[PDB]
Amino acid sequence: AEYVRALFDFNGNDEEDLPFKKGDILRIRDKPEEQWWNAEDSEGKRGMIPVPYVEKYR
């Protein structure tokens, strides 16, 4: 699995999006676009995330 960590907050402004807050660890599910990836949070919610707002989890 591929995990990322949020660097910034994201409100989730389209309904496909997954909102998140800085520090959230998210699992990457799919990369349909270069900068928008499908991700899942610690509650199991899913949606699209802006890649610029996250880093590799390590």
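The term rigid core refers to the maximal set of C-alpha atoms that superpose within 1.5 Å between the two forms. Numbering starts at 1 and runs along the sequence shown.
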| query | finding |
| --- | --- |
| Higher C-alpha RMS shift from the shown form in 4 other deposited structures of this protein - 43-51 or 8-16, rigid core fit | 8-16 |
| Chain-relative CA temperature factor third for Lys21 | lowest |
| B-factor third for the C-alpha atom of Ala1 within its chain | highest |
| Record-listed C-alpha B factor of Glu40: chain third | lowest |
